[PDB]
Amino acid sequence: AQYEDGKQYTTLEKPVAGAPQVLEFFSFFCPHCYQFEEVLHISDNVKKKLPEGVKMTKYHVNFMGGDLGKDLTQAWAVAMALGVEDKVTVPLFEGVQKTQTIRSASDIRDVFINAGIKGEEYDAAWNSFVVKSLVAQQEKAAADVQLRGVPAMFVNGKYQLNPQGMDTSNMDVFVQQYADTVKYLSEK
């Protein structure tokens, strides 16, 4: 076949009912995630090839960067609640991995302020129980698939992307292969 289990994807031994349709996990400490966001724009090209009426979900994970990594998961919860994902993703990545000017929760906060989110608005969100449950949601979803690595994509809680089984000669070709694979899995 052209798409084989164990090649462009793997199948979960233990399928996860009720799972989001297209589910992406990342960490701002994760170097391939940086590449995925900044250089390849994986999330974006996938979306463009999905049937519409499809929900696309992206969660942060705790298991990289210790205490700051957990701060980052709460911040990504705030970002989703306020709907400001598209305004903070790039400066959070570059603050963590490029300029390394993110060292504390207050530094994370500064990114949101600079991006035009208001102080009271951020701090209230940060402390809200709506954000607490979105943090819960992120963790539960990672727990469900025993996630130990990122970047990671899951389709219909049953298939997991395997980018190691695609070619990396050309970056654009990689993306289309990745995105086409998700769509195949989506229709499966």
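Note that the rigid core is defined as the largest set of C-alphas that superpose within 1.5 Å between two forms. Position 1 is the first residue in the sequence shown; the rest follow in order.
Where the structures in 9 other deposited structures of this protein are fitted on the rigid core, 50-58 is the one of 50-58 and 137-145 whose C-alphas sit farther from the shown form on average. Looking at mean Cα B-factors across 50-58 and 31-39, the upper value is held by 50-58. Comparing 179-187 with 4-12, the stretch with the higher mean C-alpha B-factor in the PDB entry is 4-12.
Ranked by Cα temperature factor within the chain, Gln146 sits in the highest third according to the deposited record. Residue-level temperature factors show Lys132 in the middle third of its chain, judged at the C-alpha atom. In this PDB entry, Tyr122 carries a Cα temperature factor that places it within the middle third of its chain's modelled residues. In the PDB entry, a CA B factor belonging to the lowest third of its chain's modelled residues is recorded for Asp107. Sort the modelled residues of the chain by CA B factor and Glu85 lands in the middle third.
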